[PDB]
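Asker: Take a look at the following structure, please.
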Amino acid sequence: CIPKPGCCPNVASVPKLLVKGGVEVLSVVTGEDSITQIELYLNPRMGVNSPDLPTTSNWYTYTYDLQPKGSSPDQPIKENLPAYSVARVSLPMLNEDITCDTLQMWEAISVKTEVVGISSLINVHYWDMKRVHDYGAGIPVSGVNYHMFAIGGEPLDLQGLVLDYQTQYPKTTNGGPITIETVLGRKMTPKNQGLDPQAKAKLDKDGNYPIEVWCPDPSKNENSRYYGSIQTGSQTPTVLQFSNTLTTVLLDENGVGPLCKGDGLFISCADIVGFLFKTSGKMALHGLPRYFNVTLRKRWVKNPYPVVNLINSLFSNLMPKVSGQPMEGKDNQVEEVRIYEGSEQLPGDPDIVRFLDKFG
Amino acid sequence: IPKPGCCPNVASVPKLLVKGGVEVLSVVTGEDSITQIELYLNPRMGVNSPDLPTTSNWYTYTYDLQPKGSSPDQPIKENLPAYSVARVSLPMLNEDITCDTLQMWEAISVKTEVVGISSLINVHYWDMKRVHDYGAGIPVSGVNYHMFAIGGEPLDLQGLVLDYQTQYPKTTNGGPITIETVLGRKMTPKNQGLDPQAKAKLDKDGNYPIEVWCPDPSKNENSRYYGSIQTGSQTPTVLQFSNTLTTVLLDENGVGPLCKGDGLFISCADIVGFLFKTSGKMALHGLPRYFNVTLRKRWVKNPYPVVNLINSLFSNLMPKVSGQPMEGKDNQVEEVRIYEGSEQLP
Amino acid sequence: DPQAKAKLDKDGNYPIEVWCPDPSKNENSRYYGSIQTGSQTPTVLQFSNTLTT
Ligand SMILES: [Ca+2]
Ligand SMILES: [Ca+2]
Ligand SMILES: [Ca+2]
């Protein structure tokens, strides 16, 4: 009891939707050609990081009043240090094949993003705003802008750089932010005021890596895709775009996207929109959330790490350690290493040099 | 009886059938017809009508908005610019019940531009503030907020406010729709951030303030919205306009928005800048937008069963009944029997 | 106001600050425009004989 297919008018075809719902639907098993698409959001962390606090939640997505100390050295408080936002999405664990030494792994291909709440900025009638002139309206949110987001299978690697090492950031033992001297274990030097390879860290926590200290490391971030921009000025305007037709492709020059190591998706962002010119003349920054629409798929990859050697590390018996003289690092005690493979015709110099600069 | 060889070849352009006003929509067309609609949307800046002679002088403007200076804030409706919206009632179409398919409208492309850009060079408004002594008036400049949207269902909004302390006017019939109007409870500091619970659909015209509501990117799968902003005290207003520009509405899969309910929904809002008065006060200003939507007929498949579909209609046509109970609590039914087929007496 | 429309008849007699190209009716003509509104906002302009439209 079915109609003739030649009679039916042609109709286009589209990707078949199987499931739509909350995060619970990630535990659904799927075929190999399936495609998963996650929509989430991240509120900004501008020092005031929670509305549930009874006392000081009135300035959520804001910052306590910013102003220089006037006397060396600077001693800023946690609230005046905007920090990156970050979150992890626990993806479902996929299949693996031992006999081929291969395994599926989640790959991100495209993300759709836009800043939410842009239209809120036209509020020129906040009661404590600073009027541009007598009997006029206030000065809308404008000035400094720092926009940045990143997606990858690893936590975002990042580099440290400070405008002035003289600053004494709040101590970490209070559970607060993480500055450079927390990582290095020693006070910063003028080196840290420029680039310092010693100063590196991975984006572990939310609201604890101040933006004015840490910047994304372009070297190590190879399994992640980060985009950013800046705009610094007294009252420079806030220019922003938003639409749902813009899609950004995350694929690389090899045609592969970020690989979700550990069956986890790592997302991070931060958006500063400008100051809030209070009537008293004080200032305070403001931030807005971001909407993320990650498009994921399944890719087959070879297992790079030997299984047995891994578990061997976990046992003290099969991986004995010793607190001996240094054989790695700056003070290593290995004078030379030579690696031979195969055979060739006899060279005329056992002290082979490879650099023309070395002949002198 | 003409001679084909004698006559020169002429190009082939799409054939026009009918041209006119809204009454055109009632005509019947074929499967491959294409329809264009040209319309406009006046802005809504708190002053939302010219017909009332009491205060219509400040049409497309606000009432001299400025900060109070003392907590809390009690802004008035006429300082709350809101989105514009309208619905076009499209006609009914054909279907093929045998193949369980049918056709509904889709938007494929919209041509648009702002109207009245040229009127901004009026730097001689009699109460416009001079830039300096014996100078000329300060032109319309400052804050801008432009957006427009085309979709088959009304635009889905997201609520976010610069200050939850700001208490908005009570939602009197014909008033502004704010956060606490939706939730039924006073706002919390979360609303200064993102709150998934504070969502709403763009119901009415000129009642959804812009400084509160923003287009929800998740829920809006069936409409296309574009937007921009610049926030400056006196930053200039740059605007372009032409009729050669056209924006495609097709998605990744090559399908536009589908007009659910045989009607397309559109929304727009264009803040153009401040108006500086000699007294020093400041007020915003807007301009209309011209929309030229190109529509076609697309075949689609019915995903829902008919029996569940028809009862829904009956659910709406006949009113709910609050009668004596017949549910398991205190049922007033005492016995139920069911017979199926013949048999022998026990 | 759709009542207020008019064709561009004469020179020097149609104030810019009053009239704008009706988007709906100009279907047999191509028009391009811009604007820049400020007190002392600089004037940026470009010119060449290589570009065409
Ligand atoms: Ca590298
Ligand atoms: Ca969605
Ligand atoms: Ca026309």
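Every chain in the structure tokens takes a letter, A first, then B, and so on in the order presented; its residues are numbered from 1, and the ligands are numbered from 1 following the presented order.
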Can you tell me which residues sit at most 7 Å away from ligand 3, counting only C-alpha atoms and all ligand atoms, written as a ChimeraX atom specification?

Answerer: /B:38 /C:24-27

Asker: Determine, counting only C-alpha atoms, which protein, DNA and RNA residues have an atom within 9 Å of an atom of stretch 32-49 of chain C; residues of the same chain fewer than 6 positions away are not included. Present the result as a ChimeraX atom specification.

Answerer: /B:117-118,120-121,131,136-141,234-244

Asker: Just N, CA and C atoms for this one: save the residues we selected as an mmCIF file, in the first residue's frame.

Answerer:
data_model
loop_
_atom_site.group_PDB
_atom_site.id
_atom_site.type_symbol
_atom_site.label_atom_id
_atom_site.label_comp_id
_atom_site.auth_asym_id
_atom_site.auth_seq_id
_atom_site.Cartn_x
_atom_site.Cartn_y
_atom_site.Cartn_z
ATOM 1 N N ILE B 117 18.517 58.460 4.874
ATOM 2 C CA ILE B 117 19.874 58.793 5.296
ATOM 3 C C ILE B 117 20.170 60.250 5.004
ATOM 4 N N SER B 118 19.704 60.741 3.855
ATOM 5 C CA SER B 118 20.038 62.094 3.440
ATOM 6 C C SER B 118 19.516 63.148 4.408
ATOM 7 N N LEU B 120 19.962 63.487 7.380
ATOM 8 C CA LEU B 120 20.821 63.717 8.529
ATOM 9 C C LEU B 120 21.688 64.955 8.404
ATOM 10 N N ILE B 121 21.800 65.536 7.205
ATOM 11 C CA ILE B 121 22.639 66.720 7.053
ATOM 12 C C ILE B 121 21.951 67.976 7.579
ATOM 13 N N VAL B 131 27.997 73.768 17.901
ATOM 14 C CA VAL B 131 29.279 73.181 18.266
ATOM 15 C C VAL B 131 30.158 74.203 18.962
ATOM 16 N N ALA B 136 27.675 76.199 13.715
ATOM 17 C CA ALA B 136 26.537 75.456 13.197
ATOM 18 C C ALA B 136 26.187 74.342 14.164
ATOM 19 N N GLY B 137 25.008 73.771 13.952
ATOM 20 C CA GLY B 137 24.542 72.732 14.845
ATOM 21 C C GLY B 137 25.389 71.479 14.747
ATOM 22 N N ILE B 138 25.426 70.723 15.845
ATOM 23 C CA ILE B 138 26.140 69.451 15.865
ATOM 24 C C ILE B 138 25.281 68.414 15.154
ATOM 25 N N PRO B 139 25.783 67.764 14.114
ATOM 26 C CA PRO B 139 24.951 66.827 13.358
ATOM 27 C C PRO B 139 24.597 65.617 14.199
ATOM 28 N N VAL B 140 23.604 64.876 13.712
ATOM 29 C CA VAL B 140 23.204 63.650 14.393
ATOM 30 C C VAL B 140 24.389 62.694 14.400
ATOM 31 N N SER B 141 24.855 62.341 15.581
ATOM 32 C CA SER B 141 26.008 61.467 15.706
ATOM 33 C C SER B 141 25.958 60.779 17.065
ATOM 34 N N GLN B 234 30.101 61.194 20.652
ATOM 35 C CA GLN B 234 29.889 62.038 19.490
ATOM 36 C C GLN B 234 30.522 61.420 18.249
ATOM 37 N N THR B 235 30.813 60.123 18.282
ATOM 38 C CA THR B 235 31.421 59.455 17.134
ATOM 39 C C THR B 235 30.526 59.574 15.902
ATOM 40 N N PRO B 236 31.113 59.692 14.719
ATOM 41 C CA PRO B 236 30.315 59.928 13.522
ATOM 42 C C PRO B 236 29.491 58.717 13.150
ATOM 43 N N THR B 237 28.496 58.959 12.309
ATOM 44 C CA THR B 237 27.595 57.919 11.811
ATOM 45 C C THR B 237 27.860 57.737 10.329
ATOM 46 N N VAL B 238 28.513 56.646 9.973
ATOM 47 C CA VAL B 238 28.758 56.314 8.581
ATOM 48 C C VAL B 238 27.718 55.298 8.146
ATOM 49 N N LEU B 239 27.081 55.560 7.008
ATOM 50 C CA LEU B 239 26.038 54.686 6.491
ATOM 51 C C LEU B 239 26.146 54.639 4.974
ATOM 52 N N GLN B 240 26.028 53.449 4.421
ATOM 53 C CA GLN B 240 26.005 53.247 2.987
ATOM 54 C C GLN B 240 24.622 52.816 2.549
ATOM 55 N N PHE B 241 24.338 53.016 1.259
ATOM 56 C CA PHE B 241 23.034 52.598 0.747
ATOM 57 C C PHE B 241 23.112 52.495 -0.775
ATOM 58 N N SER B 242 22.508 51.441 -1.312
ATOM 59 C CA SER B 242 22.413 51.234 -2.744
ATOM 60 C C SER B 242 21.341 50.188 -3.004
ATOM 61 N N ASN B 243 20.980 50.041 -4.275
ATOM 62 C CA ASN B 243 19.985 49.058 -4.679
ATOM 63 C C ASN B 243 20.601 47.869 -5.406
ATOM 64 N N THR B 244 21.917 47.855 -5.603
ATOM 65 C CA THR B 244 22.574 46.723 -6.222
ATOM 66 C C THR B 244 22.936 45.634 -5.221
#

Asker: Within 7 Å of ligand 1, which residues show up when you count only C-alpha atoms and all ligand atoms? List them as a VMD selection string, please.

Answerer: chain A and resid 219 to 222

Asker: Which chains and residue numbers are within 12 Å of ligand 2, counting only C-alpha atoms and all ligand atoms, if I want them as a list in words?

Answerer: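 Counting only what the definition allows, namely only C-alpha atoms and all ligand atoms, the set is residues 20, 21, 22, 37, 38, 39, 40, 41, 112, 113, 244, 291, 292, 293, 294 and 295 of chain A; 156, 216, 217, 218, 219, 220, 221, 222 and 223 of chain B.
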
Asker: Keeping only N, CA and C atoms, write the selected residues to a file as a compact mmCIF listing (two decimals), in the first residue's frame.

Answerer:
# COMPACT_ATOMS: atom_id res chain seq x y z
N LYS A 20 17.71 15.74 19.50
CA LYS A 20 17.90 17.10 19.93
C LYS A 20 17.51 17.22 21.38
N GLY A 21 18.38 17.80 22.19
CA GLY A 21 18.08 17.95 23.60
C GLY A 21 19.28 18.48 24.35
N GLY A 22 19.23 18.31 25.68
CA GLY A 22 20.28 18.82 26.55
C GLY A 22 21.59 18.08 26.44
N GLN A 37 26.71 18.38 17.24
CA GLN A 37 26.75 19.83 17.16
C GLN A 37 26.32 20.39 18.52
N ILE A 38 27.24 21.06 19.22
CA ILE A 38 27.05 21.50 20.59
C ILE A 38 26.92 23.01 20.64
N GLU A 39 25.90 23.47 21.36
CA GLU A 39 25.65 24.91 21.55
C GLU A 39 25.77 25.22 23.03
N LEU A 40 26.67 26.10 23.40
CA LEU A 40 26.86 26.45 24.81
C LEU A 40 27.18 27.93 24.94
N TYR A 41 27.41 28.39 26.17
CA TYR A 41 27.68 29.81 26.41
C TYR A 41 28.63 29.92 27.59
N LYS A 112 30.41 28.34 15.23
CA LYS A 112 29.66 29.56 15.04
C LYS A 112 29.64 30.30 16.35
N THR A 113 30.00 31.58 16.32
CA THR A 113 30.09 32.35 17.55
C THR A 113 29.61 33.78 17.33
N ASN A 244 24.05 35.21 12.55
CA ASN A 244 24.03 33.76 12.68
C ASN A 244 24.39 33.10 11.36
N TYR A 291 28.41 33.04 22.61
CA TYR A 291 27.65 31.83 22.25
C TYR A 291 28.53 31.06 21.30
N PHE A 292 28.62 29.77 21.50
CA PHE A 292 29.47 28.85 20.76
C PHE A 292 28.64 27.71 20.21
N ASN A 293 28.85 27.39 18.93
CA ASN A 293 28.14 26.31 18.26
C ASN A 293 29.20 25.45 17.57
N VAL A 294 29.73 24.49 18.28
CA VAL A 294 30.81 23.65 17.78
C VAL A 294 30.23 22.50 16.98
N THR A 295 30.82 22.23 15.83
CA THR A 295 30.41 21.12 14.97
C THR A 295 31.50 20.06 15.04
N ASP B 156 13.50 34.89 18.15
CA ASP B 156 13.68 34.46 19.54
C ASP B 156 14.72 35.35 20.20
N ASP B 216 18.51 35.82 20.53
CA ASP B 216 19.06 34.56 21.02
C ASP B 216 19.63 33.74 19.88
N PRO B 217 20.94 33.49 19.85
CA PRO B 217 21.51 32.74 18.72
C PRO B 217 21.18 31.26 18.73
N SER B 218 20.87 30.72 19.88
CA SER B 218 20.59 29.28 19.85
C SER B 218 19.23 29.04 19.23
N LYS B 219 18.20 29.62 19.81
CA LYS B 219 16.85 29.24 19.41
C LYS B 219 16.55 29.66 17.96
N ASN B 220 17.24 30.68 17.46
CA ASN B 220 16.87 31.25 16.14
C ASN B 220 17.37 30.42 14.98
N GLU B 221 16.88 29.21 14.84
CA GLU B 221 17.40 28.39 13.73
C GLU B 221 16.64 28.68 12.46
N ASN B 222 15.50 29.31 12.57
CA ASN B 222 14.65 29.44 11.37
C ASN B 222 14.61 30.88 10.89
N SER B 223 15.56 31.68 11.30
CA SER B 223 15.60 33.06 10.78
C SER B 223 17.04 33.52 10.73

Asker: Mind the document's chain letters and residue numbers, and return as an MDAnalysis selection string the residues of stretch 135-306 of chain A that DSSP labels alpha helix (DSSP H).

Answerer: chainID A and resid 180:184 190:193

Asker: Name all residues at most 12 Å from residue B:295 (count only C-alpha atoms; drop same-chain ones fewer than 5 positions away) and give them as a ChimeraX atom specification.

Answerer: /B:25,32-38,90,104-111,150-152,248-250,255-259,262-264

Asker: Using only C-alpha atoms, I'd like every residue of chain A that has an atom within 6 Å of chain B; please write them out as a ChimeraX atom specification.

Answerer: /A:8,11,51,117,119-120,122-123,125-128,134-137,139,237-243

Asker: Just list as a PDB file with N, CA, C and O atoms, in the first residue's frame whatever in stretch 4-53 of chain C DSSP marks as strand (DSSP E).

Answerer:
ATOM      1  N   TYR C  32      24.130  54.851  -5.985  1.00  0.00           N
ATOM      2  CA  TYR C  32      25.071  54.527  -4.925  1.00  0.00           C
ATOM      3  C   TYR C  32      25.254  55.742  -4.034  1.00  0.00           C
ATOM      4  O   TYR C  32      25.303  56.865  -4.527  1.00  0.00           O
ATOM      5  N   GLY C  33      25.361  55.525  -2.719  1.00  0.00           N
ATOM      6  CA  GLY C  33      25.426  56.650  -1.806  1.00  0.00           C
ATOM      7  C   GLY C  33      26.195  56.354  -0.536  1.00  0.00           C
ATOM      8  O   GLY C  33      26.480  55.204  -0.202  1.00  0.00           O
ATOM      9  N   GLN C  36      28.611  60.854   6.076  1.00  0.00           N
ATOM     10  CA  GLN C  36      29.584  60.942   7.168  1.00  0.00           C
ATOM     11  C   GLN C  36      29.198  62.168   7.979  1.00  0.00           C
ATOM     12  O   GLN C  36      29.320  63.296   7.487  1.00  0.00           O
ATOM     13  N   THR C  37      28.739  61.957   9.196  1.00  0.00           N
ATOM     14  CA  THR C  37      28.161  63.024  10.011  1.00  0.00           C
ATOM     15  C   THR C  37      29.032  63.275  11.225  1.00  0.00           C
ATOM     16  O   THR C  37      29.065  62.463  12.143  1.00  0.00           O
TER      17      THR C  37
END

Asker: At what distance in Å, to one decimal, does atom CA of residue B:153 lie from atom CA of residue B:174?

Answerer: 22.5 Å

Asker: When you draw a straight line from atom CA of residue B:167 to atom CA of residue B:186, how long is it in Å?

Answerer: 8.7 Å

Asker: Show me, as a list in words, the residues that have an atom within 9 Å of stretch 43-53 of chain B when counting only C-alpha atoms, minus same-chain residues fewer than 5 positions from it.

Answerer: residues 58, 59, 60, 61, 62, 63, 76, 77, 78, 79, 80, 81, 82, 83, 84, 205, 206, 207, 209, 268, 269, 270, 271, 284, 285, 286, 287, 288 and 289 of chain B
